[PDB]
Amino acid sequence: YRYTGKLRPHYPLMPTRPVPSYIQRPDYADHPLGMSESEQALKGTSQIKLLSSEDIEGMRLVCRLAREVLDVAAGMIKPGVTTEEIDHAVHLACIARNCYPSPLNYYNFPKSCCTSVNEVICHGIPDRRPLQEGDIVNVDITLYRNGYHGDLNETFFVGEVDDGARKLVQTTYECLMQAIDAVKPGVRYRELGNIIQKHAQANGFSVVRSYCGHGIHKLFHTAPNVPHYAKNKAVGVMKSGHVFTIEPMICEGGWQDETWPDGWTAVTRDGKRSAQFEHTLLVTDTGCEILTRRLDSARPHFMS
């Protein structure tokens, strides 16, 4: 393997962390290949669930608890902290909230959250690497509570970062928010990609094509697919009651990705930095409710 930049995996990984049996588990948690039979039964389809009132309540709660756990991780971002140590704290924080860490064993993913540094686009595996001053790191949290998943991420600065890092991070956040601002009933899912690319391109950045936002509720990934690039052919039209994520990955160089030999970590083929933000949204009559918003602070962590 020829690495595309300066990052390398830092092994060994800690043995798989157990989740106490009193915590309710999703179907794939005990499948040997981490396959989800409830998602596989729906691979056929592009039909979107209209959430019941009970489902909405279940989504509001798991997304609020997922925000709480992202904020714990945000608190830990400084030089010299390993991404495994951030994962360990996330794992205890989910169990404290009587939730299962949705990524753990999902398709045999080995950890409880994803930590993506610098040229990593997404799905980085927490490992022994201490964070370095100047890094940008994304922490991607998903919890499962009472049958529902809630998904969100932010990119953070490690100590002082360069001007390029600040611009990439700010533009990525603005891409996400301008796409959120367009959500309301009757808009096509395929439109959000136009909005995101337009703003990335205006700032000289590119949009990852290989990874998309997704419906989420009783399944971790389900309809609709929500691409983040322009002129995509996503199927579907937003209606009140729909829940899904928007999770744009934007890059300093070109948009092309590849995957490390570990089968998970996705990296820019050119080795340049990529940043991401994600929220889980519910469509309402007046636009949408950001289920994974902060309730007690106006801005994402990188602004503070």
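Rigid core: the largest C-alpha set superposing within 1.5 Å between the two forms. Numbering starts at 1 and runs along the sequence shown.
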> Which stretch is less alike in 4 other deposited structures of this protein, 28-36 or 43-51, counting RMS CA distance after the rigid core is superposed?
Replying inline: 43-51
>> I need to verify one thing: averaged over C-alpha atoms only, is the B-factor higher for 289-297 or for 276-284?
In response: 289-297
>> Please compare 58-66 with 44-52 and name the stretch with the higher mean C-alpha B-factor in the deposited structure.
In response: 44-52
> Reading the B-factor column of the entry, which of 73, 143, 177, 81 has the highest value at its C-alpha atom?
Replying inline: 81
> Among 91, 149, 231, 221, which residue carries the highest C-alpha B-factor recorded in the PDB entry?
Replying inline: 231
>> Using the temperature factors of the C-alpha atoms in this entry, rank residue 157 within its chain: lowest, middle or highest third.
In response: middle
>> Please place residue 164 in the lowest, middle or highest third of its chain according to the CA B-factor in the PDB entry.
In response: highest
> Taking the C-alpha B-factors as the PDB entry records them, is residue 245 in the lowest, middle or highest third of its chain?
Replying inline: lowest
>> Sorting by Cα B-factor within the chain, modelled residues only, which third would residue 190 end up in: lowest, middle or highest?
In response: highest
> Within this chain, which third does the Cα B-factor at residue 217 fall in: lowest, middle or highest?
Replying inline: middle
